[PDB]
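# Secondary and tertiary structure notes
The residues making up each chain are set out below.
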Number of protein chains: 2
Amino acid sequence: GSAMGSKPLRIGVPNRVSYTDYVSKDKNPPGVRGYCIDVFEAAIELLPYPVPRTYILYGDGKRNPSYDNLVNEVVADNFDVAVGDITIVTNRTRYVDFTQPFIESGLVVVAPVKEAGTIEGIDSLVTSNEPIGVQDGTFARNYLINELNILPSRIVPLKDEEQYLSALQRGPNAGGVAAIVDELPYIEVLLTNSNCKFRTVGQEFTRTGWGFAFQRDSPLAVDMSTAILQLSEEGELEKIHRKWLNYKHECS
Amino acid sequence: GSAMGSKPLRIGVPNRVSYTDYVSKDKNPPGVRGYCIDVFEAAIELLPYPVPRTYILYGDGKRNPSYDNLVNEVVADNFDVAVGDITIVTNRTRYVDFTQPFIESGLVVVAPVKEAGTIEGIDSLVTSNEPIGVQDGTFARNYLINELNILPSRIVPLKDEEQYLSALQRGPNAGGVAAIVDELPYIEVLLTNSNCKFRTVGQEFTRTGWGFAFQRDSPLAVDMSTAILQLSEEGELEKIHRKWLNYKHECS
Ligand code: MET
Ligand code: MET
Ligand code: NA
Ligand code: NA
Ligand code: NA
Ligand code: NA
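## Side note on the site of ligand 1
Residues and elements named next belong to chain A. Around ligand 1, a shell composed of 14 residues is seen, among which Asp-85, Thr-87, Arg-92, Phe-139 and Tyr-186 lie nearest. At a separation of 2.8 Å, a nitrogen atom of ligand 1 approaches a polar side-chain atom of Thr-87. Between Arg-92 and ligand 1, the recorded distance is 2.8 Å, taken from a side-chain N or O atom to an oxygen atom. In the complex, 100% of the free accessible area of ligand 1, which totals 310 Å², lies under the protein chains. Across the shell around ligand 1, the residue classes break down as four nonpolar, five polar and five charged.

Written as structure tokens, this is what we have:
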């Protein structure tokens, strides 16, 4: 028979430094772990064929990587798919084939309880002219600039939960921020870990989801969408969510 | 030049008899109207090419049609796309290319306020062994049978809001139902129209969305996903929702 085997699926995984229960490196094989990995693996198990595969970390592990640049590594055929907390953003859908979403997402505004008289949602945050914290690597920076008219110098990238919390604590007049804008799944973890001093203010002002980003015209995208919906109806997406994420805390 | 022109996009539209603000017939061109039509048209306007098209009603206009059978008309190449309140259901994703969802959906349980001591959610409804009302034509009938273990004789199809409300009023011992199981967008309208006697009980026990169902490998599916996300970020999906749907009512 023919000697040369098939190339495995090259899975690009963001090397998260913050909110690592969603996806992160693992010192043990397969070298990655977290909510989004367990969903991907559960969905692969439901496909009607084997999928030899390997997970490749993306990012220096000092700051969250650029997710736009991770998706463009799929477009450029360095990876076959991006697997993680990958938001289904308008520009990214022009060049990759996302699955149907495996979890809902959207942007929210987080501020101190004591500041919710002046910062009550995205509109008041916009007109405040004060600094806005965001994660490193998120779509949300360009979203705020292009869709919400935020002057770029107002946007302050922050490294990790310790810096999200210290920036909100200092506030807009002492070298911090008026608010953090971030997706609700992350903020659920932040509010679990910050002792009831911070809150969401106003509406979830966008609606999106996370998906796996395959190359254009990928048959795997089609079959993995069916598999995600099967996990959803089996209750497995909720069971996997409950394994990795818990938002209960001491101050209720 | 060549005389024979191109065939227009054949759009199959469910001829809804209930909840007609989502999609329904219109005595005026283009012969259909409602939330889902305005979203589809707004998304077509954003594509970078013209899409000559026509809307074709599906159903006798006496009862809501089978949505599985409407989707299978796309699979069988009688329509190019199904446009309306089309839930992204596991079996349908095996044969059509849905867009990314334009609205979130999920199943809920609706019961009288006075019955919420015995019917408190899907689990208690299951073990009650009482009759369950559903719409004509919905995925929810087979979902309840196959995913929730409901004996088929328990499921009672109902025609329209007058019959949804009368079945809940009669209740399970006088030729009615213990509860209605239906998707949250419909129940938001039902609760707008039923004078605070009924309520949702328990968790939204599934998570899905509505999408436009194109044929497999359709480039329009790809480009209409990008367009839906553009509408989402422009605020147009919310503006179109506010045009067609209002859930405020006299008893609050
Ligand atoms: C690195 S922060 C979170 C990234 C976000 N989910 C995105 O896809 O842009
Ligand atoms: C005719 S009731 C509602 C139908 C449902 N949205 C489906 O797609 O099955
Ligand atoms: Na894992
Ligand atoms: Na989406
Ligand atoms: Na219309
Ligand atoms: Na979906």
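## Some details on the site of ligand 2
Residues and elements named next belong to chain B. Neighbouring ligand 2 are 14 residues; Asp-85, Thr-87, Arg-92, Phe-139 and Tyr-186 lie closest to it. A distance of 2.8 Å separates a nitrogen atom of ligand 2 from a polar backbone atom of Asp-85. Against a free-state accessible area of 300 Å², the protein chains account for coverage of 100% of ligand 2. Residues that form the shell around ligand 2 fall into these classes: four nonpolar, five polar and five charged. Both domains that meet at the shell around ligand 2, namely domain 1 (9-103 + 209-244) and domain 2 (107-201), each give it at least three residues.

## Some thoughts on the relation of the copies chain B and chain A
Mapping one chain copy onto the other needs a rotation about an axis and a shift along that axis. In screw terms, the move from chain B to chain A is a rotation of 180 degrees and a rise of 0.0 Å along the axis, fitting with an RMSD of 0.0 Å. What the rotation and shift describe, once combined, is the action of a two-fold rotation axis. For chain B, the smallest separation between a C-alpha atom and the rotation axis is recorded for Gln100(B), amounting to 3.1 Å. Interface overlap between copies is the fraction of interface residues in one copy that are interface residues in the other; for chain B against chain A it reaches 100%, indicating a shared surface.

## Focus on the pairing of strand β10 (residues 155-158) of chain B
Residues and elements named next belong to chain B. When strand β9 (residues 132-135) meets β10, the two strands line up parallel, connected through four bridges. The residue of β10 that forms the bridge with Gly-133 is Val-156. For the handedness criterion, the β-α-β arrangement of β9, helix α5 (residues 140-148) and β10 is classed as right-handed.

## Structural notes on the sheet that holds strand β14 (residues 213-215) of chain B
All names here are of chain B. Read from one edge of the open sheet, five strands run β4-β1-β5-β14-β6, paired in mixed fashion. Only two strands of the sheet have a single partner each, and these edge strands are β4 (53-58) and β6 (96-98). Of the strand pairs in this sheet, β6 and β14 are connected by three bridges, and their pairing is antiparallel. Bridge pairing links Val-96 to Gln-215 in β14. This element, helix α1 (residues 35-45), spans β1 (9-14), β4, β5 (81-82) and β14 of the sheet and lies at about 160 degrees to β4.

Criteria and cut-off values
- For each chain, numbering begins from 1 and proceeds through the sequence as written. The entry may number the same residues differently, and residues missing coordinates are not shown.
- Chain letters and ligand numbers both follow the written order, the letters beginning at A and the numbers at 1.
- Note that water and hydrogens are dropped before the side-chain values are worked out from all heavy atoms of the structure.
- Any residue with a heavy atom lying within 4 Å of a molecule or strand is counted as near it.
- Residues adjacent in sequence count toward polar contacts only when both atoms are side-chain atoms; beyond that, a polar contact is any pair of N or O atoms within 3.5 Å, and within protein one must be able to donate a hydrogen and the other to accept it.
- Here the Shrake-Rupley method, with its probe set to 1.4 Å, supplies the accessible areas, and only the displayed protein chains count as covering residues.
- Classification convention: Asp, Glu, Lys, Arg as charged; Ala, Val, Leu, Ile, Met, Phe, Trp, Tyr, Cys, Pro as nonpolar; all other residues, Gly among them, as polar.
- Marked domain ranges trace back to an automatic or database domain assignment.
- Least-squares superposition on the C-alpha atoms is how the copies are aligned.
- Residue contacts are defined here by distance: any two heavy atoms, one from each residue, within 4.5 Å place the two residues in contact.
- Two strands make a pair as long as DSSP finds a minimum of two bridges between them.
- A helix here means a DSSP run of H or I that spans at least four residues, while a strand means a run of E at least two residues long, and both kinds are numbered starting from the N terminus.
- A crossover counts as right-handed when, viewed with the strands pointing away from the observer, the path leading from the first strand over the helix to the second turns clockwise.
- Axis geometry follows a simple rule: fit a line to the C-alpha atoms, using only the stretch in contact for helices, then measure angles between N-to-C directions, giving values from 0 to 180 degrees.

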